[PDB]
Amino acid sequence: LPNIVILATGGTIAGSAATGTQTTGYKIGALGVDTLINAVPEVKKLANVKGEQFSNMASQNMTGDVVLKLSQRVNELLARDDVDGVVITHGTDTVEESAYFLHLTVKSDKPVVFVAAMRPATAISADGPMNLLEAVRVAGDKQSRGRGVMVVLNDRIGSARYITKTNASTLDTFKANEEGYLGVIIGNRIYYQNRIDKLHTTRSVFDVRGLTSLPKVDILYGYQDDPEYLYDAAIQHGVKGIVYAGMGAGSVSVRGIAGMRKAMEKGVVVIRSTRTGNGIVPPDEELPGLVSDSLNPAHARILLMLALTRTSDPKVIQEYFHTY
């Protein structure tokens, strides 16, 4: 059997409430990894599992300094001969951010599979148990190697690059509308469908193994009447990058243009993404900033932060956005 580490970080998957129908005020923070494992003892027939408690927080509170440590720990685990893959339990709210950070920074072809749940562990028809079992199946299959970092919920295997939480509250929220899933897990069998045509993991230039902090990057929203003062505030607080969740295809109002021009004069890198949820922001030399290709705001922030650890060259950063 393959040797799989289950690295727990918190989330609703490790949430507990006093009744099976409670959806608010459940606690995250007191349910440990061994309790998740013991709730699905069937995982032991798929892998020799070892639980490790990395953190126990609601993912809305996950921070880049912590994600950096998570990436470094995973890289340490995967460098060992006795570890074949890692499953990371996490909250759904920012799993796409953590997963994509690891997607770019893990220097191994061994599987890294993020898993989460929309319903607490105590809920009627809680999704975490099956999601965990699926995640371990994926992480322990030799065919899963070399595919980049994965996010597994609800019988689906999503690439960290494309998958996003699309719905506030449903079980089937993780989707990649235009890019689909890498694979699905049905009837205890994995069906691989796609390989992402982007750079990741062992073919990625990003390396944060020796680093202790990351560039500050903020996200500003685009909408009617959007204010210029938010750009001033960001600049004043020392951002190195701004991701713009733009109207449409990264379209910018007269106020946003003024703000972006100010940020650029101070050396801030501006990436124009979209608030829409999907699709390409195309290049446009008449507008300020670089373009996010098909990276959503949350993903674009992660790529920009990592880009800034190794370059300041806008041509290179723009190429990263087209290739990662």
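All residue numbers refer to positions in the sequence shown, first residue = 1.
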| item | value |
| --- | --- |
| Given 204-212 and 131-139, the range whose Cα B-factors average higher in the PDB entry | 204-212 |
| Entry-level comparison of average CA B-factors, 20-28 and 7-15, reporting the higher stretch | 20-28 |
| Of the residues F101, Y223, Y181, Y229, the one carrying the largest Cα B-factor as recorded | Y229 |
| Given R272, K45, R275, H299, the residue at which the Cα B factor reaches its maximum | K45 |
| Ranked C-alpha temperature factor of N56 among modelled chain residues, by third | highest |
| Entry-reported Cα temperature factor of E97, expressed as the chain third it lands in | middle |
| Within-chain third of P282 by Cα B-factor, per the entry | middle |
| Cα B factor band for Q193 (lowest, middle or highest third within the chain) | lowest |
| Third of the chain, ranked by Cα B-factor, where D109 sits | middle |
